[PDB]
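Each of the two blocks below gives one form of the same protein chain as structure tokens; they are labelled structure 1 and structure 2.
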Structure 1
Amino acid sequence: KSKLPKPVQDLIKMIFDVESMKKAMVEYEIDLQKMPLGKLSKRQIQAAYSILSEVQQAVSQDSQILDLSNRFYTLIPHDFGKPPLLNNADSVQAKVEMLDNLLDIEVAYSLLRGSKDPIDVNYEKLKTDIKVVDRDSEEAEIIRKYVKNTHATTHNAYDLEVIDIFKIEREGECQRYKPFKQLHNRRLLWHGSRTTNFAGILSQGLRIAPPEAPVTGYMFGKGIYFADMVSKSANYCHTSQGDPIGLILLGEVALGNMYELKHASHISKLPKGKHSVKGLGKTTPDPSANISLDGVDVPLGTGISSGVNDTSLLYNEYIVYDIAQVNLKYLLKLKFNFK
């Protein structure tokens, strides 16, 4: 019998939910006999990204493309009960999205399958210390206020309800973050992801897309993205009426000198002296309402006009291009109340 608090036990069950992993594979139309969870590999996913990149290169420049489309389905077997040809941009992005999720699903399954309560054994595999933040604490009030105040006006499909607040420490992240611990402009920001990705995120941290993956769909190039508006990140949990509970991170991000951009720029190397990109939004949390939570700026102010009209973005976003610039601090379990 596990001594872990019930919210921690319930979080471990959510994270290693095989049913959720299989349902996702069914939704992606993956053939679960030819490609069961146990047969997914890192080398297979790496090669599939390369094929999707090759697919775009061939399309940009019909027999040549069909061979690439067929090599993709041979590597990742699907069950269509005819296979849709990988020619249009939406078809390629749908497959990249599938791989991005399969990558962490592979991590979750490999951990799980690789005398004690199963919940305890699987908790230890995450190599992450997880503690419940009390509802009556100063931290919980600051965090609830951050959720409350930064829900965007255009994101009106749902209301957000905080279920549990966890304080997290990934093993080895302290050591990895040490070169950036004293960098200026450290901010507490949101990062949403599908619930099926959290086993991978807790065990391996937030990661950058591999070079093999297509460059399309990355407004500021391959990096780790964050928002200062909870709903902007909460949209990336991909919660539905079917699964209305999502997970969202609060990470301390060492932004340093921000390369401030109003439009897309596929960053390969930042300008010298710049440590991050700030995508400028039209609406920003009121800077006069910034609070410090144990030395880190928490931009929990209600949204006001940023005074920037000539931008592609409604809300800010922040990108770092080195995995070491992130130190995960909190993990929230959120209820999405769909309207």
Structure 2
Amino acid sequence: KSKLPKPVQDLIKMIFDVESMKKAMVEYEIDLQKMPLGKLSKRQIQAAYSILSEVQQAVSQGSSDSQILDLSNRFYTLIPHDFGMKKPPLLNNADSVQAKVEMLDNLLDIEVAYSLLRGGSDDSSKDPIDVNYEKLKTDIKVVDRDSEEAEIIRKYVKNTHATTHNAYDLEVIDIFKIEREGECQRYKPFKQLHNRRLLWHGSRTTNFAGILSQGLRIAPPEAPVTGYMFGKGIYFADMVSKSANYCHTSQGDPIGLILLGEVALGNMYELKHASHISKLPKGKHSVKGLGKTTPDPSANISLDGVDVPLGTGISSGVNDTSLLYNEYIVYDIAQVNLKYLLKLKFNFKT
């Protein structure tokens, strides 16, 4: 087998884990002995993103009441749900509309995972951890633990474990450093941008087969602008936990992968409520959703010209808002580059 460090091999295994993939599919409500995860077409996946949008011209301009439901079963025709039986959410509603635009986000990254594990390995004369790892086009060094740099990480995780969702508690198992090919280069533009940060990205595990081969991405050319709080960028927290709930770690799979990304923020569009932008106005390089908890400015490490806000959860002064923690959003893919991965046990509670 691979000379690959054992944390790496094992990490390959969990992100290329097909069973898992259906697990998540079922967690949306998918009917898999209707539509199986060989069939998941990027084809169908984007044809239904468009159906989510037409339902929001519709619902946001009053509309033919009956068509709203036609658009709804159109949707359901296209993505089989094991409903199974209750009564299905008929898409007159901004709420279940993004409920479903989250699902499709995941089927995207899941199709990238699933289609990925049918390229190269019928081998053998390279082996199975080995083939998956190369098709990541990424290099995954094991960060060495008792060293200062793993400790800054864990200090980050620590101080930014939130003030409210302190039930689970967190714990770090492996610190992977990461290089995807070429994204040093594409990021070069933003290399010297002002105002530049280490922030968090949690995702389900079943997504990181696709985050490693494509980086984080902006949403499809068809995905509702209205499906995302801040329209169609890429999303980051400073608080470890605002991101860490996004992996969807239960008691029956409490291991989570979180990213650390360097992100070229510049001048932040400050915003307390939602804002369905496509478009960032001139003079503005990022958005900042304003939270009532910031990490403590009294603590703000800056290594390599990037800031790192490993600061305990302090009240900002901002009560006026729909967000409890900050978020950051960028509208160009190159405006971020991935630095670390973390393997995390979500250690639940009593």
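In this text, rigid core is short for the largest set of C-alphas that superpose within 1.5 Å between two forms. Residue numbering: structure 1 sequence, from 1.
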Report summary line: Only one of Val133, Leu183, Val162, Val96 passes the 2 Å C-alpha shift threshold between structure 1 and structure 2 with the rigid core fixed, namely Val96
Query raised in the report: Superposing on the rigid core, is the CA of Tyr236 displaced by 2 Å or more between structure 1 and structure 2?
Result: no
Query raised in the report: On a core-based superposition, does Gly192 travel 2 Å or more at its Cα between structure 1 and structure 2?
Result: no
Requested in this report: Classify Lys13 as shifted (yes) or not shifted (no) between structure 1 and structure 2, where shifted means its C-alpha moves by 2 Å or more with the rigid core superposed.
Outcome: no
Query raised in the report: How many angstrom apart are the two C-alpha positions of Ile105 between structure 1 and structure 2, if you fit on the rigid core?
Result: 1.3
Query raised in the report: How much does the C-alpha of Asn87 move between structure 1 and structure 2, in Å, when the core is lined up?
Result: 5.3
